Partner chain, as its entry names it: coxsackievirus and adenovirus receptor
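Next comes just one chain, in structure tokens: the form deposited without its partner chain.
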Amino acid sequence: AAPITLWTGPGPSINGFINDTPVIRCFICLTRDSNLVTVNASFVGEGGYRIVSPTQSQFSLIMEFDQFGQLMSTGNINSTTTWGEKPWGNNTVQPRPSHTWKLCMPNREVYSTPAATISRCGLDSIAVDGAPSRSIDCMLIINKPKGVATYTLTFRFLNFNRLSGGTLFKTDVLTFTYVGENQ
């Protein structure tokens, strides 16, 4: 029994794709400790998504994993960009899969039907000094079916119409938690 972290590494490329177009830089870290997995994530919109307006359409960024906890090539965030294990003691991304990667996955029996957590997602919070009307929502959906994925994690960005105006799509550090899979 050991902890394990899967992540994008620091300074991720534009690795969030909508219609195969790179539009969002996603820092994603999945850390499994004894029983629970902590999702630690942040996002920076690029190009057409650098600035979001109150009329921005909602969207999902879905990660698809196989039965062994390996990130598949077909999600919005996928294995074509940097993804792998974080060794304790350095900031590298180790791409070679281990059986242990399954421990970062959402427990299939606990999440046998889809689960969700919708939380505030502050945008550009330092520069707008946390103005209430500069937050959207980001909902994590756990194990909503997608393709032939065994596990899915979806980051769904919602309620842009709560924004008072155009806002730089520079998210806060977001945290979610779920029960990890058994080896």
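Numbering follows the first chain given and starts at 1.
A.B. asks: Taking only the CA atoms, which stretch has the higher mean B-factor in the record, 142 to 150 or 31 to 39?
C.D. replies: The stretch with the larger average C-alpha B-factor is 142 to 150.
A.B. asks: Would you determine, from the values in the PDB entry, which of 74 to 82 and 89 to 97 has the greater average C-alpha temperature factor?
C.D. replies: The recorded data point to 89 to 97.
A.B. asks: Among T171, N159, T175, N19, where is the Cα temperature factor highest, going by the PDB entry?
C.D. replies: The C-alpha B-factor peaks, among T171, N159, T175, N19, at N19.
A.B. asks: Ranking the modelled residues of this chain by C-alpha B-factor as given in the entry, is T55 in the lowest, middle or highest third?
C.D. replies: Its C-alpha B-factor, which the entry lists for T55, ranks in the highest third among residues of this chain.
A.B. asks: Once the chain's modelled residues are ordered by C-alpha B factor and cut into thirds, is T167 in the lowest, middle or highest one?
C.D. replies: As the PDB entry reports it, the C-alpha B-factor of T167 lands in the lowest third of its chain.
A.B. asks: Quick check on the deposited entry: does the C-alpha B-factor of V179 sit in the lowest, middle or highest third of its chain?
C.D. replies: Lowest third, going by the recorded CA B-factors of the chain.
A.B. asks: Among the modelled residues of this chain, does the Cα B factor of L6 put it in the lowest, middle or highest third?
C.D. replies: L6: CA B-factor falls in the lowest third of its chain.
A.B. asks: Going by the entry, which third of its chain does the Cα temperature factor of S133 land in?
C.D. replies: Middle third.
There is another form of the same protein, the form solved in complex with its partner chain; it is not shown, and what comes next is about it.
A.B. asks: How about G165 - does it come within 4.5 Å of its partner chain in the deposited bound form, if we only consider non-hydrogen atoms?
C.D. replies: No, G165 is distant from the partner.
A.B. asks: Determine whether any heavy atom of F17 comes within 4.5 Å of a heavy atom of its partner chain in the deposited bound form, and answer yes or no.
C.D. replies: Answer yes; at least one heavy atom of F17 falls within 4.5 Å of its partner chain in the deposited bound form.
A.B. asks: State yes or no: in the deposited bound form, is some non-hydrogen atom of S79 no more than 4.5 angstroms from a non-hydrogen atom of its partner chain?
C.D. replies: Although its partner chain is absent here, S79 would touch it in the deposited bound form, with heavy atoms inside 4.5 Å.
A.B. asks: Residue-level contact is defined here as any heavy atom of the residue lying within 4.5 Å of its partner chain in the deposited bound form; does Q94 satisfy this criterion?
C.D. replies: Yes - in the deposited bound form, heavy atoms of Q94 and its partner chain come within 4.5 Å of each other.
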